[PDB]
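Next up, structure tokens for two forms of one chain, structure 1 and then structure 2.
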Structure 1
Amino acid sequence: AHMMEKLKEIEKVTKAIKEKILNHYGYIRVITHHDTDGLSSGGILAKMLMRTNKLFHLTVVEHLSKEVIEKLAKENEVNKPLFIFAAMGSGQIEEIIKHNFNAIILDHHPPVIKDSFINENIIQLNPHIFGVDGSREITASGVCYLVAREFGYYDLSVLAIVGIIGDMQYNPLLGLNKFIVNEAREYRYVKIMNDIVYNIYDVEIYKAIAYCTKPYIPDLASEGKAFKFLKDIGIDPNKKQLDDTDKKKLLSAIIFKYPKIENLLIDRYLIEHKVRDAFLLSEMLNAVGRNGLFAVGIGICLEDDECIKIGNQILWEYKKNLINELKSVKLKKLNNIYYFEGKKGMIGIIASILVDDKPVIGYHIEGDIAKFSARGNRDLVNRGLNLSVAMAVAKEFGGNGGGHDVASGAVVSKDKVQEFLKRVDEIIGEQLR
């Protein structure tokens, strides 16, 4: 009944990954994803490969398609490199075995082949093979960290904590993520401190409130409205940190504009890193990743001063633009859901930010297809919400849909949108009564 026993089973695999890296002297290709979790894993792998005297070539892909894998296969012909896949690989393992890659797969997504040792050439470190839920108990950067600690590089756990936040696995903190955080505390690489979300930004509080999207508070979402609210309740809006009296006064007033004020409180992680707040670094890597600035994201993980300066500039441009995108949403209410039409890459992010009491579905039309992205919260699921079954009703409209209880998608022909949404609305009202 111990995390210790499960680690001993995982450590058989990480030992083999370690020996495999040390004894390789050819080229090394690292392939990672572009979100916070992937850029974190990239930085963990980068530091770890350098410390073990391994030069490497890092590439970032949004999706590991058949085309990308075949394009990669054309590098095996001349100098067959060792490939390390982070946050990807397990679902595409068939195509990786087909081309006979020399490969290490570090993936928390559900696996296709539940084996750690695939043949003589491919090692797969996936927590699902050990009975650990990769959607709640570990992230991709956690998986790389498990490898990194085989070399005793505990200082890299701070990048794992970043990925834990990036993937929204910090509340509640479960399984291996809890083990990682506690190890980082034991080795003095993180300090944990309950605090208000607005103090993570180290800027003027009225700007931290104005552009916050976790939670998004519409009535406070502008410098002017935020300044006014802070002046009225006796707080200097130019301060960059709220003390204990400030936070009481703030929370006391704000509960009228935004009643679920437990969302305003977090456990802050202060990390051994130039960007000392892990929540801020998580948001920075996200913004940088969304703007295509992958290499700058790696530099941030590597603590370079000018990448950090870029990242700080891109973060605030990104946060301002997101608030504007949010103010422009035409939110339509049905009986048990909200819905809106938005842009292709935003509807998922925006729907999640807009949830409060009811689920939110955003959709965009492309050609004659409408693609939907639906979001809830833990309070809704506990009242019997399940989005995967409600998005599955798309098959009745000549489409299909599924996902998780709290997040799901679906596709439908452009002209059945109104009738799909009315059907989804009724299913959800069923799931609540």
Structure 2
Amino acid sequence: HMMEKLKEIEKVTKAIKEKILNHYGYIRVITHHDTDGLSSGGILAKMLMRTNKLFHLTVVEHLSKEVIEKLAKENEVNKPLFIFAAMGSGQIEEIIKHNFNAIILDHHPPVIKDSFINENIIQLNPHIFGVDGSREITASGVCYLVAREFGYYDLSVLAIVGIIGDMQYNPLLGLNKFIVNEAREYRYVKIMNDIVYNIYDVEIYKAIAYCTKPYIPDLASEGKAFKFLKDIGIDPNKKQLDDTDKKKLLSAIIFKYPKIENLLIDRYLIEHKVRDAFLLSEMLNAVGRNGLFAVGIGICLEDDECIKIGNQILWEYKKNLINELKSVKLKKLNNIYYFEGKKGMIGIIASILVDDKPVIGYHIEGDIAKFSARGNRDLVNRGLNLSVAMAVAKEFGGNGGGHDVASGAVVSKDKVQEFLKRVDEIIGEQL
């Protein structure tokens, strides 16, 4: 039962609370640029301000050796307390080595399965308590568990954004279910079953044209969606589908595309200026993929100009993604598919294209190839573990890891094919 696990986690969250309250030097917050990472940053920014802590937040694309070494040089002068969100558990040995005063809030599989690592380091990792970081909690939800020690229940809305951004909303399980229920109880969220296209608050033909959940290639243009809606007697220019319009749209799509799934979703209407948590999730993703880290934090903190930028960037991103999806050249090996793509689109396209087999996208940035591998729950249940599969990057001079269902890696740009074959081989066995 999760309530028992939560009593055990509360021992770590109470200790983190005290470590934060009793620290009076610099505080450094390190997060990732994904929806969940940016949401974590927002939760922590609010929590720290409310507890009278000034802080310096840095967003990194990946917690590499090199980044850890650069951060470590800040320990010489005046040693900050470091708070790592969505990272640090895999890199724990480098963090012990540099002797950071650190709090690690991470849902990726842990290397050292201890909560209290030395005198200097606390690790809150749900896997340590048998909670699945791929299905039952996100980094934002770990951050929220700390925040709720101060009674900051309002920050639950950012955890919900993280649950959505990390694809842990269907089914809603574990601590994620607890968080949502706590938000509902404190009236920070209302839940409402609805069609996906209603979240966008734009003309429906555009909602349809640019939707990637589900992605319907035949309808993935303004002209084709407009015509589609015209043909079944929906006004394509309206911004919300009513009961009747929904009935007609669902029956028409399911007829023509009987495999399609998830047209109806449980919308989360949150206490935030961006009221639809699904839209906020997409917004944060888009800004994060555009390198607009501080804007993403501003959106979490409900700044009007940051939200205006977020809307603008969101729609540019979604249009660019449809274009990318149309031109991507998917290649088959034995157990996987892969593709070269643009930085910022690799992971999302891989998630969109997964059907029967893992998909791995990559992009070249200098002399190195960066990979995003995606599976699904079905594949993991049959034994997929991309964390282990992508780890084989070490044999080719690089490194990789992440979750069973989603992992990354880097290798030398000229070892692409070698790596992918070695991963293809590993994944074959796993399954």
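Take the two forms, find the largest set of C-alpha atoms that superpose within 1.5 Å, and that set is the rigid core. Numbers given to residues start at 1 and step along the sequence of structure 1.
Participant: After the core is superposed, which of these residues, 131, 345, 292, 152, moves its CA 2 Å or more between structures 1 and 2?
Facilitator: None of the others reach 2 Å, which leaves 345.
Participant: Once the larger rigid part is superposed on C-alpha atoms, how many degrees is the smaller one rotated between structures 1 and 2?
Facilitator: The rotation of the smaller rigid part against the larger one between structures 1 and 2 is 26 degrees.
Participant: Quick one: how many Å does the C-alpha of residue 63 shift between structures 1 and 2 once the rigid core is superposed?
Facilitator: Superposing on the rigid core gives a C-alpha shift of 1.2 Å for residue 63.
Participant: Can you give me the Cα shift for residue 43 between structures 1 and 2? Core-superposed, in angstrom, one decimal please.
Facilitator: Core-aligned C-alpha shift comes out at 0.2 Å.
Participant: Where the rigid core has been superposed, how far does the Cα of residue 365 end up moving between structures 1 and 2, given in Å?
Facilitator: On core superposition, this C-alpha lies 8.3 Å from its counterpart.
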